[PDB]
Amino acid sequence: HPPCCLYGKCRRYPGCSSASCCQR
């Protein structure tokens, strides 16, 4: 799938899983 943080639609996926990037 993309990076974890891109387009602003929330993925907690395939080795993000430190990167929250949903949260503000």
# chains A, B, ... in the order shown; residues from 1 in each chain; ligands from 1
call {"tool": "residues_around", "arguments": {"residues": "residue 17 (chain A)", "least_positions_apart": "4", "cutoff": "12 Å", "atoms": "only C-alpha atoms", "output": "PyMOL selection string"}}
result
chain A and resi 3-5+10-13+21-22
